[PDB]
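Source file: protein_39.cif (mmCIF, C-alpha atoms and all ligand atoms)
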data_work
#
loop_
_atom_site.label_atom_id
_atom_site.label_comp_id
_atom_site.auth_asym_id
_atom_site.auth_seq_id
_atom_site.Cartn_x
_atom_site.Cartn_y
_atom_site.Cartn_z
CA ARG A 1 -9.28 -13.95 16.33
CA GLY A 2 -8.95 -10.16 15.54
CA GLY A 3 -10.70 -7.01 14.21
CA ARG A 4 -11.46 -6.57 10.49
CA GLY A 5 -13.52 -4.28 8.14
CA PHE A 6 -12.64 -0.66 7.55
CA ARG A 7 -11.48 -0.18 11.20
CA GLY A 8 -8.97 -3.06 10.63
CA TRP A 9 -7.58 -1.27 7.57
CA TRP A 10 -7.51 2.06 9.28
CA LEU A 11 -5.71 0.60 12.33
CA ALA A 12 -2.96 -1.31 10.30
CA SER A 13 -2.47 1.74 8.10
CA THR A 14 -2.06 4.08 11.00
CA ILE A 15 0.22 1.75 12.89
CA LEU A 16 2.49 1.24 9.86
CA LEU A 17 2.82 4.94 9.49
CA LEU A 18 3.45 5.62 13.11
CA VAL A 19 6.17 3.02 12.94
CA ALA A 20 7.65 4.55 9.69
CA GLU A 21 7.77 7.88 11.46
CA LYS A 22 9.65 6.52 14.52
CA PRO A 23 10.70 2.86 15.13
CA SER A 24 9.32 1.79 18.56
CA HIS A 25 7.74 -0.78 20.84
CA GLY A 26 4.11 -1.80 21.46
CA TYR A 27 3.72 0.31 24.64
CA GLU A 28 4.91 3.66 23.27
CA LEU A 29 2.98 3.05 20.00
CA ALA A 30 -0.22 2.90 22.02
CA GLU A 31 0.34 6.39 23.34
CA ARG A 32 0.81 7.86 19.92
CA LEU A 33 -2.15 5.85 18.74
CA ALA A 34 -4.34 7.23 21.53
CA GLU A 35 -3.69 10.91 20.66
CA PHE A 36 -4.56 9.71 17.14
CA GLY A 37 -8.18 8.88 18.12
CA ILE A 38 -10.97 9.74 15.56
CA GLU A 39 -12.37 12.33 13.22
CA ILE A 40 -14.12 9.19 11.71
CA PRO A 41 -17.68 8.14 12.77
CA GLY A 42 -17.92 4.80 14.56
CA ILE A 43 -14.28 3.71 14.72
CA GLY A 44 -12.81 4.53 18.17
CA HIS A 45 -10.99 2.46 19.44
CA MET A 46 -8.11 1.64 18.90
CA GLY A 47 -6.60 -1.63 20.39
CA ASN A 48 -4.52 -4.73 19.82
CA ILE A 49 -1.41 -2.81 18.75
CA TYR A 50 0.73 -5.88 19.63
CA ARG A 51 -1.18 -8.24 17.37
CA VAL A 52 -1.28 -6.00 14.26
CA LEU A 53 2.42 -5.35 14.86
CA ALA A 54 3.05 -9.14 14.88
CA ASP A 55 0.83 -9.31 11.73
CA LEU A 56 2.68 -6.55 9.86
CA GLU A 57 5.97 -8.26 10.91
CA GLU A 58 4.91 -11.66 9.72
CA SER A 59 3.93 -10.06 6.38
CA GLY A 60 7.41 -8.47 6.07
CA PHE A 61 6.30 -4.83 6.29
CA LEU A 62 8.14 -4.41 9.54
CA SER A 63 11.38 -5.81 10.97
CA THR A 64 12.21 -6.22 14.68
CA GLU A 65 15.21 -5.85 17.00
CA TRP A 66 15.29 -6.01 20.85
CA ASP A 67 16.52 -2.95 22.75
CA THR A 68 18.27 -4.80 25.68
CA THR A 69 19.64 -1.50 27.24
CA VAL A 70 16.45 -1.02 29.18
CA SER A 71 14.64 -3.14 31.64
CA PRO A 72 12.58 -4.87 30.85
CA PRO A 73 13.91 -5.19 27.18
CA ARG A 74 11.61 -3.74 24.48
CA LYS A 75 11.19 -5.19 20.96
CA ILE A 76 11.68 -2.29 18.41
CA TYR A 77 9.60 -2.37 15.16
CA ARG A 78 11.00 -0.73 12.02
CA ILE A 79 9.50 -0.35 8.50
CA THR A 80 11.01 -2.48 5.71
CA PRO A 81 11.17 -1.39 1.89
CA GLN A 82 8.23 -3.74 1.34
CA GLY A 83 6.31 -1.96 4.08
CA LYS A 84 6.95 1.28 2.36
CA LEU A 85 5.46 -0.19 -0.88
CA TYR A 86 2.39 -1.33 1.10
CA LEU A 87 2.22 2.20 2.37
CA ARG A 88 2.16 3.75 -1.11
CA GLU A 89 -0.80 1.42 -1.82
CA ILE A 90 -2.56 2.87 1.32
CA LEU A 91 -1.64 6.33 0.21
CA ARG A 92 -3.22 5.86 -3.21
CA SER A 93 -6.41 4.54 -1.55
CA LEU A 94 -6.57 7.52 0.83
CA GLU A 95 -6.57 9.69 -2.35
CA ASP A 96 -9.42 7.49 -3.69
CA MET A 97 -11.33 7.94 -0.42
CA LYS A 98 -10.76 11.63 -0.31
CA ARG A 99 -12.05 12.08 -3.90
CA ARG A 100 -15.12 10.06 -3.08
CA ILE A 101 -15.84 12.22 0.05
CA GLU A 102 -15.57 15.36 -2.06
CA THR A 103 -18.05 14.08 -4.63
CA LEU A 104 -20.54 13.54 -1.75
CA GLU A 105 -19.74 16.90 -0.15
CA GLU A 106 -20.75 18.61 -3.40
CA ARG A 107 -23.76 16.48 -3.98
CA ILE A 108 -24.97 17.38 -0.52
CA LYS A 109 -24.35 21.10 -0.91
CA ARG A 110 -26.42 21.01 -4.09
CA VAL A 111 -29.45 19.57 -2.26
CA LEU A 112 -28.97 22.00 0.62
CA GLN A 113 -28.88 24.99 -1.81
CA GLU A 114 -32.15 23.60 -3.34
CA CA V 1 15.46 -9.09 13.52
#
Please rewrite the model in this file as structure tokens.
Amino acid sequence: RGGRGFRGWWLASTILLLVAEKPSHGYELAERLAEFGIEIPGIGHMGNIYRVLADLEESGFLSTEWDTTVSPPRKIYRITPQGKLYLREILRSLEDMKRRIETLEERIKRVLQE
């Protein structure tokens, strides 16, 4: 079985986006996911791209079509209109998260002034 928690959410979210930005296969996604990395304490990683792709596909946020012009053939993932709606839900939560970080930032500056 797979990875969960915040890292889980942050991986799915990032993968969906990277797919929205350019439809692609598992292997290439990994490269763009690597150069993603982390400004986020403790997360890393990143890892099973393939299985969260299959997961986002099963859930209908992504569709698939084989590119047979290359060898070996590569299965291309593409965002669906549902996947875009799931994305707006991630977007609103990123705005939640960002507001929460800024309330801490200020709280901290106040005790550092003190
Ligand atoms: Ca298909």
Interatomic distance between atom CA of residue 82 of chain A and atom CA of residue 27 of chain A?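 The value is 24.1 Å.
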Using all atoms listed in the file, list the residues that have an atom at most 9 Å from (8.0, 5.4, 7.5), coordinates as in the file, as a ChimeraX atom specification. /A:16-23,78-80,83-84,87
Please produce a file of the residues just selected, as a short mmCIF file (atom, residue, chain, number, x, y, z; two decimals), in the coordinates of the input, where the atoms kept are C-alpha atoms.
data_model
loop_
_atom_site.label_atom_id
_atom_site.label_comp_id
_atom_site.auth_asym_id
_atom_site.auth_seq_id
_atom_site.Cartn_x
_atom_site.Cartn_y
_atom_site.Cartn_z
CA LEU A 16 2.49 1.24 9.86
CA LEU A 17 2.82 4.94 9.49
CA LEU A 18 3.45 5.62 13.11
CA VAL A 19 6.17 3.02 12.94
CA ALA A 20 7.65 4.55 9.69
CA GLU A 21 7.77 7.88 11.46
CA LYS A 22 9.65 6.52 14.52
CA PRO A 23 10.70 2.86 15.13
CA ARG A 78 11.00 -0.73 12.02
CA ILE A 79 9.50 -0.35 8.50
CA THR A 80 11.01 -2.48 5.71
CA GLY A 83 6.31 -1.96 4.08
CA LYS A 84 6.95 1.28 2.36
CA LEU A 87 2.22 2.20 2.37
#
From the options A:46, A:54, A:59, A:74, which residue's atoms come nearest to residue 28 of chain A, counting all atoms listed in the file? A:74
Show me, as CSV, the residues of chain A having an atom within 10 Å of ligand CA 1 (chain V), each with the closest atom pair and its distance in Å, using only C-alpha atoms and all ligand atoms.
residue,atom,partner,partner_atom,distance
A:57,CA,V:CA1,CA,9.9
A:62,CA,V:CA1,CA,9.6
A:63,CA,V:CA1,CA,5.8
A:64,CA,V:CA1,CA,4.5
A:65,CA,V:CA1,CA,4.8
A:66,CA,V:CA1,CA,8.0
A:75,CA,V:CA1,CA,9.4
A:76,CA,V:CA1,CA,9.2
A:77,CA,V:CA1,CA,9.1
A:78,CA,V:CA1,CA,9.6
Any idea what's packed within 12 Å of segment 36-39 of chain A, counting all atoms listed in the file, ignoring anything in its chain fewer than 6 positions away? Could you give it as a ChimeraX atom specification? /A:7,10-11,14-15,17-18,29-30,45-47
Got a sec: who's within 12 Å of segment 92-105 of chain A, counting only C-alpha atoms, leaving out chain neighbours fewer than 3 positions off, as a list in words?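 Residues near the query, excluding close chain neighbours: residues 6, 9, 10, 13, 14, 85, 86, 87, 88, 89, 108, 109, 110, 111 and 112 of chain A.
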One number please: atom CA of residue 56 of chain A to atom CA of residue 32 of chain A, in Å, one decimal.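 Computed distance, atom CA of residue 56 of chain A to atom CA of residue 32 of chain A, equals 17.7 Å.
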One number please: atom CA of residue 44 of chain A to atom CA of residue 26 of chain A, in Å, one decimal.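 Taking atom CA of residue 44 of chain A and atom CA of residue 26 of chain A, their separation equals 18.4 Å.
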With all atoms listed in the file as the atoms that count, which of A:90, A:12, A:4, A:107 lies nearest to residue 53 of chain A? A:12
With all atoms listed in the file as the atoms that count, which of A:91, A:25, A:70, A:113 lies nearest to residue 49 of chain A?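 With all atoms listed in the file as the atom set, the closest residue is A:25.
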Find the residues around residue 2 of chain A up to 10 Å (all atoms listed in the file counted), leave out those fewer than 6 positions away in its own chain, and share them as a VMD selection string. chain A and resid 8 48 51 to 52
Coords for segment 93-108 of chain A, N, CA and C atoms, as a PDB file, in the first residue's frame:
ATOM      1  N   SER A  93      -7.447  25.434  -0.975  1.00  0.00           N
ATOM      2  CA  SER A  93      -6.713  25.000   0.223  1.00  0.00           C
ATOM      3  C   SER A  93      -5.284  25.541   0.359  1.00  0.00           C
ATOM      4  N   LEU A  94      -4.605  25.746  -0.767  1.00  0.00           N
ATOM      5  CA  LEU A  94      -3.306  26.406  -0.782  1.00  0.00           C
ATOM      6  C   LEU A  94      -3.444  27.828  -0.250  1.00  0.00           C
ATOM      7  N   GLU A  95      -4.524  28.524  -0.651  1.00  0.00           N
ATOM      8  CA  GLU A  95      -4.859  29.862  -0.109  1.00  0.00           C
ATOM      9  C   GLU A  95      -5.152  29.842   1.398  1.00  0.00           C
ATOM     10  N   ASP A  96      -5.834  28.791   1.860  1.00  0.00           N
ATOM     11  CA  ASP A  96      -6.026  28.516   3.297  1.00  0.00           C
ATOM     12  C   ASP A  96      -4.652  28.388   3.984  1.00  0.00           C
ATOM     13  N   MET A  97      -3.788  27.575   3.399  1.00  0.00           N
ATOM     14  CA  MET A  97      -2.512  27.231   4.017  1.00  0.00           C
ATOM     15  C   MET A  97      -1.699  28.466   4.071  1.00  0.00           C
ATOM     16  N   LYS A  98      -1.689  29.229   2.997  1.00  0.00           N
ATOM     17  CA  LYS A  98      -0.862  30.395   2.934  1.00  0.00           C
ATOM     18  C   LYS A  98      -1.293  31.439   3.969  1.00  0.00           C
ATOM     19  N   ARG A  99      -2.594  31.568   4.211  1.00  0.00           N
ATOM     20  CA  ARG A  99      -3.132  32.525   5.187  1.00  0.00           C
ATOM     21  C   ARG A  99      -2.734  32.055   6.564  1.00  0.00           C
ATOM     22  N   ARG A 100      -2.799  30.767   6.789  1.00  0.00           N
ATOM     23  CA  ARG A 100      -2.390  30.269   8.105  1.00  0.00           C
ATOM     24  C   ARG A 100      -0.869  30.528   8.404  1.00  0.00           C
ATOM     25  N   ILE A 101      -0.011  30.367   7.384  1.00  0.00           N
ATOM     26  CA  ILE A 101       1.431  30.570   7.514  1.00  0.00           C
ATOM     27  C   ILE A 101       1.674  32.037   7.857  1.00  0.00           C
ATOM     28  N   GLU A 102       0.908  32.924   7.217  1.00  0.00           N
ATOM     29  CA  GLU A 102       1.111  34.348   7.466  1.00  0.00           C
ATOM     30  C   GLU A 102       0.635  34.756   8.813  1.00  0.00           C
ATOM     31  N   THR A 103      -0.345  34.060   9.401  1.00  0.00           N
ATOM     32  CA  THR A 103      -0.743  34.425  10.776  1.00  0.00           C
ATOM     33  C   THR A 103       0.369  34.004  11.742  1.00  0.00           C
ATOM     34  N   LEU A 104       1.003  32.869  11.528  1.00  0.00           N
ATOM     35  CA  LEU A 104       2.185  32.457  12.302  1.00  0.00           C
ATOM     36  C   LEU A 104       3.362  33.375  12.124  1.00  0.00           C
ATOM     37  N   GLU A 105       3.712  33.691  10.883  1.00  0.00           N
ATOM     38  CA  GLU A 105       4.806  34.604  10.582  1.00  0.00           C
ATOM     39  C   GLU A 105       4.699  35.837  11.430  1.00  0.00           C
ATOM     40  N   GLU A 106       3.494  36.388  11.592  1.00  0.00           N
ATOM     41  CA  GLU A 106       3.321  37.664  12.299  1.00  0.00           C
ATOM     42  C   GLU A 106       3.419  37.418  13.780  1.00  0.00           C
ATOM     43  N   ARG A 107       2.898  36.284  14.186  1.00  0.00           N
ATOM     44  CA  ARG A 107       2.860  36.007  15.609  1.00  0.00           C
ATOM     45  C   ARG A 107       4.278  35.877  16.093  1.00  0.00           C
ATOM     46  N   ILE A 108       5.116  35.302  15.240  1.00  0.00           N
ATOM     47  CA  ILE A 108       6.502  35.042  15.554  1.00  0.00           C
ATOM     48  C   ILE A 108       7.312  36.310  15.597  1.00  0.00           C
TER      49      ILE A 108
END
